[PDB]
Amino acid sequence: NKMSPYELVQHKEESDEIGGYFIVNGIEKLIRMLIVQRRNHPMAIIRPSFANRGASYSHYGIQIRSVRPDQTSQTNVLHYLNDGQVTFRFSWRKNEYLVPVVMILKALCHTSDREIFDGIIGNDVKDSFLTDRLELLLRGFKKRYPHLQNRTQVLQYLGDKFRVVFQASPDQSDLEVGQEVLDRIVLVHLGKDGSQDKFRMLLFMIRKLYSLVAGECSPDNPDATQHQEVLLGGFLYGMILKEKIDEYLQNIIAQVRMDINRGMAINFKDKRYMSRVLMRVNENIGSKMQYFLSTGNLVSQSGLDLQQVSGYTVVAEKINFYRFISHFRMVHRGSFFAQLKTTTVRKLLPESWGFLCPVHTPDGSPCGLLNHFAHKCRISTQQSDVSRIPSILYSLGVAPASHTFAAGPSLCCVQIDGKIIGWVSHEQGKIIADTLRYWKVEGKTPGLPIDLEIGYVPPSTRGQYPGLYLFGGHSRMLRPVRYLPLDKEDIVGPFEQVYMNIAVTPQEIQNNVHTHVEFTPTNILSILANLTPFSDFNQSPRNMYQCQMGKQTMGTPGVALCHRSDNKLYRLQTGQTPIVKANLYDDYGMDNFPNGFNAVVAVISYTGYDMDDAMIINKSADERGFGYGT
Amino acid sequence: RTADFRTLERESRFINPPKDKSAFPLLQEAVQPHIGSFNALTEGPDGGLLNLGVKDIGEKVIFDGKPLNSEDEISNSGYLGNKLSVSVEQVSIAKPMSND
Amino acid sequence: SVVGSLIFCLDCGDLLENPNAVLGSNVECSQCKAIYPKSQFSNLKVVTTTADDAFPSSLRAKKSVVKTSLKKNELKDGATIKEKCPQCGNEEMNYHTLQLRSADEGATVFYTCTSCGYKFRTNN
Amino acid sequence: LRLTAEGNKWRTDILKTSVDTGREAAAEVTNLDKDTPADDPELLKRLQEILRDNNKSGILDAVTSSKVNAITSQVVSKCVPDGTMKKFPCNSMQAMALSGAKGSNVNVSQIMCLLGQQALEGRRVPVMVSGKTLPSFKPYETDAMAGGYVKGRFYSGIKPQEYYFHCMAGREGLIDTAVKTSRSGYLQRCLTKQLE
Amino acid sequence: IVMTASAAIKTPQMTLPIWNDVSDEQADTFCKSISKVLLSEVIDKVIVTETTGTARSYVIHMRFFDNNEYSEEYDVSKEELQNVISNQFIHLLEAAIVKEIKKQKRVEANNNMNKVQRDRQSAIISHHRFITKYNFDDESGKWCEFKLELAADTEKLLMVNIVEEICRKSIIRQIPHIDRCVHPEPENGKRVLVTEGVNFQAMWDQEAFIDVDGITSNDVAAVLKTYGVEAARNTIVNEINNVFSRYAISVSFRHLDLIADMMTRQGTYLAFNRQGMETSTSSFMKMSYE
Amino acid sequence: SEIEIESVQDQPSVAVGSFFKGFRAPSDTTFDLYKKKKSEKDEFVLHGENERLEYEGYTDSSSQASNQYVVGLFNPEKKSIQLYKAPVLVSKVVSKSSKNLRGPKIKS
Amino acid sequence: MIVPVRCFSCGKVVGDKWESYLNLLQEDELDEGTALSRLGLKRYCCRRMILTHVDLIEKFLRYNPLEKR
Amino acid sequence: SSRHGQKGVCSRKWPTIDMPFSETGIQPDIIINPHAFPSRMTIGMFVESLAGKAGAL
Amino acid sequence: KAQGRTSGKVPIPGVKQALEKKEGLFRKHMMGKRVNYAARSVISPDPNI
Amino acid sequence: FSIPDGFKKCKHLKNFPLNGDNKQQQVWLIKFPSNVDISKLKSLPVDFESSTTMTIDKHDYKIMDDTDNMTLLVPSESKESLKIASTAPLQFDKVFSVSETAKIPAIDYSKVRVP
């Protein structure tokens with residue numbers, strides 16, 4: 001861990017040992033980074049598969065991916081029906097469940113029917129579209145469920161129906177079982193004892209559903225790199241581990257139940273009865289974690305919030321160093337998308353500027369599905385603290401959300417990590433979003449971290465749903481640019497970048513449009529895409545092929561080869577540094593791993609033996625050791 | 001442009017590896033998505049993501065089948081026995097060692 | 001209080017029942033109680049207009065201020081690409097490129113003649 | 001690969017006449033007359049209306065792609081045989097394309113003159129929800145370059161904005177091979193078994 | 001074509017040569033006389049003022065376009081709208097209302113109708129279930145107006161969404177199996193009309209615009225059903241040629257004649273599939289195929 | 001244009017409630033007011049009854065630590081005002097009639 | 001690894017000039033162009049053999065399994 | 001392969017005896033055909049060829 | 001045609017599945033075969049043959 | 001109620017004379033951030049529209065007026081201490097908001113775009 005390059009040599013490693021992988025039976029394996037949806041942001045999405053879930057299902061829906069502070073995720077989908085009914089979908093132990101949304105709204109906090117009606121219709125009472133959908137939803141509940149008049153009677157009902165599936169014990173009453181349903185599934189990022197906030201976000205998600213079916217809002221694209229983030233390898237490793245330890249507590253209970261089903265001898269207060277149980281419970285959890293890392297097969301009784309069950313881990317190859325370092329910059333869309341015949345997910349998009357490399361993606365089947373991060377893209381690991389940010393927004397023109405009740409796209413809803421904390425106008429909301437970026441890069445403001453992304457979405461006609469979304473959590477793609485007042489570094493995420501004007505060079509700054517400038521235009525490329533000499537002069541399919549061929553050269557795997565027992569290594573004997581190199585060749589220390597050799601090359605047709613893909617080597621150069629390797 | 005190869009600087013660093021923090025710090029910021037992610041399982045606020053996740057899966061309660069032979073009420077049916085509530089409140093990973 | 005076809009109670013906040021299918025001529029709050037034997041509230045006329053996307057047609061598209069349809073013969077991709085081709089007598093031929101191969105063999109050009117329209121294609 | 005000093009001025013003078021092509025193709029599609037400026041607020045309301053429709057965006061792409069391929073083919077006409085530094089019985093890049101040995105005049109023009117319009121499945125460069133085609137550009141930028149018209153050439157290198165659009169056109173061919181797993185292997189087997 | 005011998009082509013077409021005396025203005029008027037026109041296409045708005053009290057009265061008010069507009073876009077007169085709205089549309093609208101209740105259980109200011117309008121209105125109240133009023137703009141063809149009454153027992157009903165689904169189903173004028181007829185650019189002098197859909201029985205009746213002796217489809221099984229097996233065989237060699245001519249690939253016609261004569265060898269239109277293989281003499285061909 | 005502030009009151013003269021839109025509460029009723037003093041802050045609690053309804057309120061933790069409101073009083077002959085500290089109460093209406101609850105199982 | 005004994009293209013012996021080259025850069029503080037021309041390398045094929053050599057043998061020799069530590 | 005996507009199989013190891021030689025006396029180590037350039041358009045290899053020779057000098 | 005226990009991925013495919021597949025017996029072993037007196041290698045160019 | 005403690009009740013409350021005749025006493029509801037101390041200052045610059053800027057110790061404030069719903073609650077006498085003020089629901093005549101602004105600086109283009 002805390003160890004010098006000198007000391008790393010003395011402990012039989014390379015001097016610049018990189019780490020980041022697992023040794024499992026002597027094979028180096030790592031957990032592959034995946035693209036998943038951005039946490040805590042409801043996405044208005046159209047899917048034709050929503051209509052496939054039954055008759056009278058529209059293809060519209062709101063989808064939120066809520067993560068708990070132990071990174072366990074929970075997706076709640078909000079379907080719109082062709083009756084004016086809205087249903088609340090969730091998934092629990094690989095089983096979908098559907099509930100009417102006014103049952104959750106009446107179970108989260110104590111409500112009247114004005115408070116649901118008031119939240120959906122803040123003002124804009126005189127919109128006949130939205131106010132007639134809403135009594136189909138209220139009188140749909142009062143007709144179908146007529147004997148549910150207060151909060152501790154709808155929770156009684158909801159714990160009755162969900163008692164067996166949540167595996168509740170008989171000492172749990174129904175206003176406790178139904179409360180476990182509302183702590184474990186609906187909007188888990190707002191957390192337990194936060195049900196007032198889970199109420200306001202559902203009223204936000206229903207009007208954004210109604211604003212989608214009215215055409216006022218364009219559907220959010222779940223492939224568009226602003227609506228997605230990176231599930232990191234270590235975070236997945238603790239998601240899977242939590243499930244394994246959860247199973248361990250269930251296998252104890254499975255073992256004691258196999259003793260009350262034989263009537264043998266049970267005194268729970270006995271110290272040695274406990275030792276008698278744990279000798280028979282399988283508790284080799286560390287070998288179940290090795291099975292995940294040895295195969296990639298994801299066995300989980302829950303099912304995580306993930307859409308495939310395999311391929312989660314790969315072999316860190318050492319055929320040269322460029323192959324090895326690019327396993328760690330590699331991100332994958334998901335193996336669910338490899339089977340589709342639609343190329344919309346495989347497409348290079350302008351929101352990937354600075355976050356995913358335009359060049360470094362393979363050729364063939366994974367083209368556009370397997371892609372690498374940009375050179376200076378960083379991924380958030382801890383969540384920066386946001387406790388002081390509500391006090392700062394209230395100092396600005398933000399009215400508090402607890403006593404406003406002013407829903408609508410005619411205002412700017414202010415959210416921090418997916419918690420709605422207030423309401424402003426679109427004019428004031430742009431002044432708030434601009435001054436907070438001014439207070440952020442000037443580090444004299446105590447509560448704002450610099451990597452807080454300020455996602456101001458301005459109003460439009462049939463565009464994205466407006467808002468003032470602030471994010472500070474884990475797993476966010478982030479990249480550095482220069483904020484042009486103060487000339488300081490600013491940190492920008494891909495949700496922000498759609499609405500920001502960021503100049504490529506300082507020479508192309510125009511007046512009164514560009515607030516930011518790139519540090520270098522080479523930040524948008526990969527590491528391996530950035531070493532290609534003069535790559536702005538090549539046809540772009542040839543730069544993509546060099547990123548593929550550069551991973552497959554025989555170069556230098558390492559210099560600690562005598563303490564290795566790999567299956568096969570490829571070592572080129574005498575490498576040379578390049579005469580023509582990039583400046584970043586030195587910064588990544590690629591001279592420790594020479595990949596090739598400088599050759600006197602003649603562009604000549606002379607021999608007749610070099611056509612269509614063929615070259616000619618000098619014979620006496622070869623006898624003198626040119627290109628030798630083992 | 002001018003972009004030199006650091007030929008005396010390379011050979012000094014080959015023979016004499018640094019006894020401080022490493023040269024080439026951009027190379028360790030390339031795998032910071034992997035190392036920092038694993039480091040958040042044990043270090044950081046609330047004891048890390050493993051100790052913070054063992055308390056979301058808190059209790060697993062089952063009872064016995066034995067009676068109290070209690071007072072003849074609906075409690076006589078509504079008594080379930082002693083309550084085993086097994087739980088986990090701390091997890092730790094040991095840095096690896098070898099044994100006897 | 002009335003919002004369109006909806007009506008809510010001013011004490012309990014509950015939604016009242018619609019005064020048409022009632023029996024015995026009364027409406028009230030269901031949480032608390034109110035008293036309305038008369039069914040006092042008037043006709044509630046809720047005018048709803050169709051969406052101006054609901055009937056797409058060739059005539060609605062002509063009511064767009066922007067252009068929604070190209071002219072028939074007024075687009076030819078701007079050709080003076082000098083290719084001495086023996087097709088009719090033609091010098092010009094429109095082109096277009098991609099990269100169809102396995103990222104190693106070069107771009108094959110999608111040619112398109114103009115004067116005779118006779119399709120002539122060359123890879124190399 | 002080099003143009004002569006006169007011919008290198010010819011392509012400068014023609015490409016100066018495409019600084020206004022993107023706006024004049026815009027004001028044709030939105031039916032605005034007498035050369036409204038690019039920043040006109042009634043133009044930007046209309047271009048947003050074109051953005052929200054796939055049909056209307058296909059018209060704006062296909063009009064503008066016609067007017068910049070006019071500018072493209074004037075440069076290739078003016079410069080490719082007549083304004084090069086070295087000419088055909090010594091210029092091997094022309095001798096290979098004219099003979100049919102290897103290459104075409106399309107390849108020679110993208111080296112020596114300009115790459116031209118980058119076209120993505122018959123349309124122009126894709127554009128975000130905000131009306132931007134890259135973060136470098138203003139929203140609803142009526143410019144040929146903002147829609148992916150590369151005035152750069154491989155001799156002199158291409159700019160980072162038009163480097164990114166050329167990677168979009170390089171991946172659209174490779175993804176079509178990725179949807180091309182097994183197409184005609186069973187068509188021929190069915191014919192040859194009957195017609196054996 | 002070659003496999004599956006599909007009688008259900010994805011895009012069945014029909015090529016209609018027009019005469020040498022008929023003009024382009026006469027032919028564009030003729031394409032409008034064929035193409036299907038939904039009632040949705042002539043409607044500008046439908047304003048519904050639901051009112052409850054008294055039975056829930058639903059006042060459906062339609063705005064059409066101007067009468068000169070849809071007559072010069074769809075060749076539709078205002079008298080054709082009357083015989084579609086009164087006769088066809090309202091039967092569908094009431095069939096959708098009762099169905100929706102069945103699942104629910106489980107400017108201008110105008111007046112002064114004349115006699116004939118008063119008689120047309122009472123003619124429609126007899127034929128339908130819940131109507132009780134009807135009007136039409138008989139003078140300018142601009143608006144229609146009819147005012148349903150359902151019971152007081154039913155609660156809220158999304159009337160606008162029901163009207164939109166019914167309007168997008170109601171045809172004003174459709175010759176069957178044909179959607180659209182368009183007038184393309186005349187390629188090599190063949191002034192033709194391409195029709196989205198195949199019905200030879202109906203284009204025979206249009207003989208004052210169309211040379212019926214040269215009407216060509218791409219549907220092979222439609223030509224086989226109507227014009228016989230030698231005409232279906234000339235279709236297959238023209239369709240496989242058009243697959244290759246659009247890629248500038250030239251195959252010889254000696255290959256295409258042998259494929260088309262092998263498919264029509266039993267008088268029918270067989271494929272190169274398992275069922276086309278069925279009527280053959282060698283069993284070891286059959287066992288080795290699949 | 002300017003307005004002189006005359007008096008500022010620490011003590012709770014006037015509170016401000018937040019109910020649903022259209023809420024009446026007939027003028028017979030009066031609601032009590034309970035107050036927290038954790039030695040530096042103010043967290044108020046509203047509560048009051050009548051014959052059929054019995055309903056309370058509270059202040060919000062996020063708001064009152066950062067955003068105070070003031071009820072003002074302007075007479076335009078003065079060109080001055082006097083001010084009082086106003087809490088902001090997020091209040092519900094639970095009906096006394098429907099505080100019902102059933103058994104925690106099926107009893108079968 | 002170690003310096004090539006001969007040059008690949010020309011065939012000059014070049015392997016005797018690697019320690020001389022590192023002293024012309026260290027002691028005499030020459031630039032690389034003057035240091036190669038005093039060593040008598042003047043074909044650019046023979047120049048790039050000394051100019052561009054990495055010398056990874058110094059990095060391999062730290063991993064010695066025959067001596068302690 | 002060079003660093004520009006110009007890969008190529010070694011088709012024959014050709015003796016220095018009858019490989020072309022320059023004014024300087026140099027036989028090249030690798031011969032690449034100029035017919036691999038017009039359809040690939042890897043112009044970064046042409047500028048690397050004169051940049052690398054300028055750096056060796 | 002013999003379902004039996006019905007536990008999935010049934011082994012011993014019986015004398016019909018030896019005859020019916022892409023592999024089968026007809027396609028893999030009658031229609032195409034492996035041969036004696038044959039060879040294969042990577043190809044190289046030559047203007048001198 | 002019988003709620004747990006800390007919640008000591010408000011026995012005695014102060015005077016608020018809202019009389020409502022028929023010059024007249026307008027009822028305002030103005031905002032402030034919790035950082036500004038109201039007794040420290042003496043004047044409140046007001047506007048018809050939303051155009052003010054006051055400066056109190058390097059912090060620029062602003063009325064973002066939104067005049068054109070929350071219930072006023074007056075003390076009953078001093079003990080029961082709630083009457084919903086009315087006339088026959090007593091809407092505020094003016095509602096203001098003092099909000100902290102900042103000054104974003106202009107981009108020195110002469111320094112930041114070097115040729």
# chains A, B, ... in the order shown; residues from 1 in each chain; ligands from 1
$ residues_around --residues "stretch 557-567 of chain A" --least-positions-apart "5" --cutoff "10 Å" --atoms "only C-alpha atoms" --output "number ranges by chain"
A: 9, 12-17, 26-28, 317-324, 572, 592-595; G: 56-65
$ residues_around --residues "stretch 32-36 of chain I" --least-positions-apart "6" --cutoff "12 Å" --atoms "only C-alpha atoms" --output "list in words"
residues 288 of chain E; 22, 23, 24, 25 and 26 of chain I
$ write_last_selection --atoms "N, CA and C atoms" --output "PDB file, in the first residue's frame"
ATOM      1  N   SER E 288     -31.115 -35.597 -46.238  1.00  0.00           N
ATOM      2  CA  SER E 288     -29.876 -34.888 -45.989  1.00  0.00           C
ATOM      3  C   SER E 288     -30.060 -33.389 -45.854  1.00  0.00           C
TER       4      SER E 288
ATOM      5  N   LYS I  22     -27.455 -29.978 -37.813  1.00  0.00           N
ATOM      6  CA  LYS I  22     -26.405 -29.512 -38.712  1.00  0.00           C
ATOM      7  C   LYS I  22     -25.262 -30.508 -38.775  1.00  0.00           C
ATOM      8  N   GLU I  23     -24.856 -31.048 -37.631  1.00  0.00           N
ATOM      9  CA  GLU I  23     -23.870 -32.110 -37.700  1.00  0.00           C
ATOM     10  C   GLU I  23     -24.509 -33.421 -38.155  1.00  0.00           C
ATOM     11  N   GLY I  24     -25.344 -34.031 -37.321  1.00  0.00           N
ATOM     12  CA  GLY I  24     -26.059 -35.235 -37.718  1.00  0.00           C
ATOM     13  C   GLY I  24     -25.150 -36.369 -38.138  1.00  0.00           C
ATOM     14  N   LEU I  25     -25.517 -37.024 -39.232  1.00  0.00           N
ATOM     15  CA  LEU I  25     -24.666 -38.024 -39.852  1.00  0.00           C
ATOM     16  C   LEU I  25     -24.576 -37.768 -41.347  1.00  0.00           C
ATOM     17  N   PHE I  26     -25.654 -37.248 -41.924  1.00  0.00           N
ATOM     18  CA  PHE I  26     -25.694 -36.988 -43.357  1.00  0.00           C
ATOM     19  C   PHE I  26     -24.831 -35.801 -43.739  1.00  0.00           C
TER      20      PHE I  26
END
$ residues_around --residues "residue F:7" --least-positions-apart "4" --cutoff "9 Å" --atoms "only C-alpha atoms" --output "PyMOL selection string"
(chain F and resi 81-84) or (chain J and resi 39)
$ residues_around --residues "residue J:53" --least-positions-apart "6" --cutoff "7 Å" --atoms "only C-alpha atoms" --output "PDB file with N, CA and C atoms, in the first residue's frame"
ATOM      1  N   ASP J  60     -24.371  41.492  -1.216  1.00  0.00           N
ATOM      2  CA  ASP J  60     -25.422  42.180  -1.943  1.00  0.00           C
ATOM      3  C   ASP J  60     -26.708  41.375  -1.865  1.00  0.00           C
ATOM      4  N   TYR J  61     -27.791  42.049  -1.520  1.00  0.00           N
ATOM      5  CA  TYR J  61     -29.094  41.436  -1.358  1.00  0.00           C
ATOM      6  C   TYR J  61     -30.025  41.979  -2.430  1.00  0.00           C
ATOM      7  N   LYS J  62     -31.231  41.426  -2.495  1.00  0.00           N
ATOM      8  CA  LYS J  62     -32.127  41.762  -3.590  1.00  0.00           C
ATOM      9  C   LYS J  62     -33.553  41.407  -3.200  1.00  0.00           C
TER      10      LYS J  62
END
$ closest_atom_pairs --of "stretch 1-56 of chain H" --to "stretch 9-12 of chain G" --cutoff "8 Å" --atoms "only C-alpha atoms" --output "CSV"
residue,atom,partner,partner_atom,distance
H:25,CA,G:10,CA,7.7
H:26,CA,G:10,CA,6.0
H:27,CA,G:9,CA,6.0
H:28,CA,G:9,CA,6.4
H:29,CA,G:9,CA,6.1
$ write_last_selection --atoms "N, CA, C and O atoms" --output "PDB file, in the first residue's frame"
ATOM      1  N   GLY H  25      24.579   5.280 -48.177  1.00  0.00           N
ATOM      2  CA  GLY H  25      25.017   3.908 -48.118  1.00  0.00           C
ATOM      3  C   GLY H  25      24.089   3.001 -47.362  1.00  0.00           C
ATOM      4  O   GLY H  25      24.482   1.881 -47.030  1.00  0.00           O
ATOM      5  N   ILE H  26      22.869   3.434 -47.107  1.00  0.00           N
ATOM      6  CA  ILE H  26      21.988   2.792 -46.145  1.00  0.00           C
ATOM      7  C   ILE H  26      21.032   1.872 -46.882  1.00  0.00           C
ATOM      8  O   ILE H  26      20.356   2.292 -47.821  1.00  0.00           O
ATOM      9  N   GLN H  27      20.985   0.623 -46.469  1.00  0.00           N
ATOM     10  CA  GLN H  27      19.839  -0.121 -46.952  1.00  0.00           C
ATOM     11  C   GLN H  27      18.718  -0.042 -45.924  1.00  0.00           C
ATOM     12  O   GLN H  27      18.978  -0.162 -44.731  1.00  0.00           O
ATOM     13  N   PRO H  28      17.474   0.154 -46.339  1.00  0.00           N
ATOM     14  CA  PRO H  28      16.388   0.282 -45.375  1.00  0.00           C
ATOM     15  C   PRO H  28      16.069  -1.043 -44.709  1.00  0.00           C
ATOM     16  O   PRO H  28      16.315  -2.119 -45.242  1.00  0.00           O
ATOM     17  N   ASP H  29      15.520  -0.956 -43.503  1.00  0.00           N
ATOM     18  CA  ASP H  29      15.212  -2.174 -42.781  1.00  0.00           C
ATOM     19  C   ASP H  29      13.886  -2.746 -43.223  1.00  0.00           C
ATOM     20  O   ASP H  29      13.701  -3.965 -43.227  1.00  0.00           O
TER      21      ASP H  29
END
$ select_by_dssp --residues "stretch 325-560 of chain A" --states "strand (DSSP E)" --output "PyMOL selection string"
chain A and resi 330-332+370-372+378-379+399-400+412-416+419-424+453-457+467-471+477-483+488-492+502-503+516-517
$ interface_residues --of "chain D" --to "chain E" --cutoff "8 Å" --atoms "only C-alpha atoms" --output "PyMOL selection string"
chain D and resi 187+190-191+193-194
$ write_last_selection --atoms "C-alpha atoms" --output "PDB file, in the first residue's frame"
ATOM      1  CA  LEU D 187     -29.895 -18.572 -48.883  1.00  0.00           C
ATOM      2  CA  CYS D 190     -31.472 -23.757 -50.052  1.00  0.00           C
ATOM      3  CA  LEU D 191     -30.902 -23.009 -53.728  1.00  0.00           C
ATOM      4  CA  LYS D 193     -30.021 -28.368 -52.546  1.00  0.00           C
ATOM      5  CA  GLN D 194     -32.954 -28.068 -54.936  1.00  0.00           C
TER       6      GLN D 194
END
$ atom_distance --atom1 "atom CA of residue A:498" --atom2 "atom CA of residue D:134"
8.2 Å
$ closest_atom_pairs --of "chain H" --to "chain A" --cutoff "8 Å" --atoms "only C-alpha atoms" --output "CSV"
residue,atom,partner,partner_atom,distance
H:1,CA,A:549,CA,7.7
H:3,CA,A:532,CA,6.0
H:4,CA,A:546,CA,5.6
H:5,CA,A:546,CA,4.6
H:6,CA,A:542,CA,7.8
H:7,CA,A:613,CA,7.3
H:8,CA,A:613,CA,5.0
H:9,CA,A:614,CA,5.1
H:10,CA,A:615,CA,5.2
H:11,CA,A:614,CA,5.6
H:12,CA,A:616,CA,5.6
H:13,CA,A:619,CA,5.0
H:14,CA,A:619,CA,5.1
H:15,CA,A:619,CA,4.7
H:16,CA,A:620,CA,5.9
H:19,CA,A:618,CA,7.7
H:27,CA,A:618,CA,8.0
H:28,CA,A:600,CA,5.0
H:29,CA,A:618,CA,4.9
H:30,CA,A:601,CA,4.8
H:31,CA,A:602,CA,5.0
H:32,CA,A:603,CA,5.0
H:33,CA,A:605,CA,5.0
H:34,CA,A:603,CA,5.6
H:35,CA,A:611,CA,7.4
H:36,CA,A:612,CA,6.8
H:40,CA,A:539,CA,7.1
H:41,CA,A:539,CA,5.7
H:42,CA,A:538,CA,4.3
H:43,CA,A:538,CA,5.2
H:44,CA,A:534,CA,5.1
H:47,CA,A:534,CA,7.6
H:48,CA,A:580,CA,6.7
H:49,CA,A:601,CA,7.7
H:51,CA,A:580,CA,6.7
H:52,CA,A:579,CA,5.7
H:55,CA,A:579,CA,6.3
H:56,CA,A:579,CA,7.4
$ select_by_dssp --residues "chain H" --states "helix (DSSP H, G or I)" --output "list in words"
residues 16, 17, 18, 34, 35, 36, 44, 45, 46, 47, 48, 49, 50, 51, 52, 53, 54, 55 and 56 of chain H
$ write_last_selection --atoms "N, CA and C atoms" --output "short mmCIF file (atom, residue, chain, number, x, y, z; two decimals), in the first residue's frame"
data_model
loop_
_atom_site.label_atom_id
_atom_site.label_comp_id
_atom_site.auth_asym_id
_atom_site.auth_seq_id
_atom_site.Cartn_x
_atom_site.Cartn_y
_atom_site.Cartn_z
N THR H 16 20.47 -7.98 -48.22
CA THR H 16 21.04 -6.64 -48.34
C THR H 16 21.81 -6.45 -49.62
N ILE H 17 22.41 -7.53 -50.10
CA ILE H 17 23.09 -7.71 -51.38
C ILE H 17 22.31 -7.07 -52.52
N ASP H 18 21.00 -7.27 -52.55
CA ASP H 18 20.18 -6.76 -53.65
C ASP H 18 18.92 -6.06 -53.17
N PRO H 34 4.07 1.77 -51.68
CA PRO H 34 3.24 2.98 -51.73
C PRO H 34 1.81 2.76 -52.15
N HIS H 35 1.44 1.57 -52.61
CA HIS H 35 0.06 1.27 -52.89
C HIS H 35 -0.72 0.90 -51.65
N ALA H 36 -0.12 0.98 -50.48
CA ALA H 36 -0.85 0.79 -49.24
C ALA H 36 -1.33 2.12 -48.68
N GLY H 44 -0.34 10.41 -41.18
CA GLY H 44 0.49 10.51 -40.02
C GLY H 44 1.76 9.71 -40.15
N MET H 45 1.77 8.72 -41.04
CA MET H 45 2.96 7.93 -41.30
C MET H 45 3.91 8.66 -42.23
N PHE H 46 3.38 9.43 -43.17
CA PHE H 46 4.24 10.24 -44.02
C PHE H 46 4.92 11.35 -43.24
N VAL H 47 4.23 11.96 -42.28
CA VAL H 47 4.87 13.02 -41.53
C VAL H 47 5.75 12.45 -40.44
N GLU H 48 5.50 11.23 -39.99
CA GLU H 48 6.41 10.60 -39.04
C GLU H 48 7.71 10.22 -39.72
N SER H 49 7.66 9.93 -41.01
CA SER H 49 8.85 9.48 -41.73
C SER H 49 9.88 10.59 -41.85
N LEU H 50 9.44 11.82 -42.09
CA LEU H 50 10.37 12.97 -42.18
C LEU H 50 10.59 13.57 -40.79
N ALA H 51 9.69 13.40 -39.81
CA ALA H 51 10.00 13.86 -38.46
C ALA H 51 11.05 12.97 -37.83
N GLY H 52 10.97 11.66 -38.05
CA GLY H 52 11.90 10.76 -37.42
C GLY H 52 13.28 10.83 -38.01
N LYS H 53 13.39 11.13 -39.30
CA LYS H 53 14.70 11.27 -39.89
C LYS H 53 15.34 12.59 -39.48
N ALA H 54 14.54 13.62 -39.23
CA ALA H 54 15.07 14.87 -38.72
C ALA H 54 15.58 14.73 -37.30
N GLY H 55 14.99 13.82 -36.53
CA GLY H 55 15.43 13.64 -35.16
C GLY H 55 16.64 12.76 -35.04
N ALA H 56 16.81 11.82 -35.96
CA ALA H 56 18.01 11.00 -35.97
C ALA H 56 19.23 11.79 -36.38
#
$ residues_around --residues "residue F:1" --least-positions-apart "2" --cutoff "12 Å" --atoms "only C-alpha atoms" --output "VMD selection string"
(chain F and resid 3 to 4 79 to 80) or (chain J and resid 43 to 48 51 to 52)
$ interface_residues --of "chain A" --to "chain E" --cutoff "9 Å" --atoms "only C-alpha atoms" --output "PyMOL selection string"
chain A and resi 82-84+132-133+135-136+139
$ write_last_selection --atoms "C-alpha atoms" --output "PDB file, in the first residue's frame"
ATOM      1  CA  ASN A  82     -54.360   4.130 -20.909  1.00  0.00           C
ATOM      2  CA  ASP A  83     -57.081   4.521 -18.249  1.00  0.00           C
ATOM      3  CA  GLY A  84     -55.415   7.372 -16.424  1.00  0.00           C
ATOM      4  CA  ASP A 132     -58.837  15.032 -15.490  1.00  0.00           C
ATOM      5  CA  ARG A 133     -56.151  12.367 -15.381  1.00  0.00           C
ATOM      6  CA  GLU A 135     -59.442  12.311 -10.618  1.00  0.00           C
ATOM      7  CA  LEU A 136     -59.250   9.033 -12.486  1.00  0.00           C
ATOM      8  CA  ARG A 139     -61.492   8.032  -7.655  1.00  0.00           C
TER       9      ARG A 139
END
